[PDB]
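Residues take their numbers from the sequence shown, with the count starting at 1. Below, all heavy atoms of this structure are taken into account, side chains as well, without hydrogens, waters or symmetry copies. Start at 1 and go down the list; that is how both ligands and their atoms are numbered.
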Amino acid sequence: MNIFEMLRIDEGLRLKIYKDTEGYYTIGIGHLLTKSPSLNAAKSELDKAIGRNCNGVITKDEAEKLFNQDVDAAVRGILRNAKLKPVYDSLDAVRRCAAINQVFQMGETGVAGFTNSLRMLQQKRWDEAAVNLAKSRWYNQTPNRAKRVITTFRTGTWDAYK
Ligand SMILES: Nc1ccccc1F
Ligand SMILES: [Cl-]
Ligand SMILES: [Cl-]
């Protein structure tokens, strides 16, 4: 198991514009195109990202390319964040994959108000952090996924992903 497999499992793969759990236009492996309600804006954004007139559809290789760039960006986002970096670098390898997953999903922004859980993770109070993390809109909106990431942080193992 590695970050790619893990997120591939959490985001799935779709080659045609779709709406995500929040109703926004996305494609591929959880690649958010726009928050706007205009399909045309989403298609324009898609073409800009791929470099060609896609007409709302991409190939698997294209999807995989967007994915690579998005994982990259997520980690880089973390390392560049003064509040995130120290936490991230205190964790082991599996738990670092759970931090990337959360960032991939919610953004560095979303994750920065998890201040209290961040502190518990840094202190390595696993069970405490797990309870704290569940107390969030994130867990109430996407419980099945949130449960998998939470277990991941609680246990430091890939059990939740089998
Ligand atoms: N949850 C989390 C997210 C990003 C960096 C570190 C973390 F602990
Ligand atoms: Cl791109
Ligand atoms: Cl879910």
To the nearest 0.5 Å, how far apart are CD in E45 and OG1 in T34?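 These two atoms lie 6.0 Å from each other.
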Nearest neighbour in protein (non-hydrogen) for atom 8 (F) of ligand 1: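 Scanning the protein heavy atoms, the shortest distance from atom 8 (F) of ligand 1 goes to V87 CG1, 3.4 Å.
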Before you tell me yes or no, could you show the steps for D72 and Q69 under side chain to side chain contact (heavy atoms under 4.5 Å, CB included), namely the whole-Å CA-CA distance, both residues' side-chain angles and the distance that decides it to 0.1 Å? CA-CA 5 Å; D72 203 44; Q69 293 171 171; 5.6 Å; no
Location of contacts on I100 toward ligand 1, heavy atoms closer than 4.0 Å: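 Answer for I100: neither.
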SB check [X] [Y] (cutoff 4.0 Å):
X	Y	answer
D47	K43	no
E128	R154	no
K85	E108	no

Close-contact set for ligand 1 against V111 heavy atoms, below 4.0 Å: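 Close to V111: 3 (C).
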Can you list the ligand 1 atoms lying under 4.0 Å from a non-hydrogen atom of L121?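 That gives atoms 8 (F) of ligand 1.
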Less than 4.0 Å is my threshold; does some heavy atom of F114 fall inside it relative to ligand 1?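 In this structure, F114 fails to qualify as a contact of ligand 1 - no heavy atom is under 4.0 Å.
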Measuring from atom 6 (C) of ligand 1, which candidate in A74, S90, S117, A99 has the nearest non-hydrogen atom?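 Minimum heavy-atom distance to atom 6 (C) of ligand 1 goes to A99.
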Residue pair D61, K65: steps toward the salt bridge (charged side-chain N to carboxylate O under 4.0 Å, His left out) verdict: CA-CA 6 Å; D61 310 82; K65 186 164 200 189; over 6 Å; no
Within the structure, does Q102 bring an N/O atom to less than 3.5 angstrom of an N/O atom in ligand 1?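 Yes, there is a polar N/O contact under 3.5 Å.
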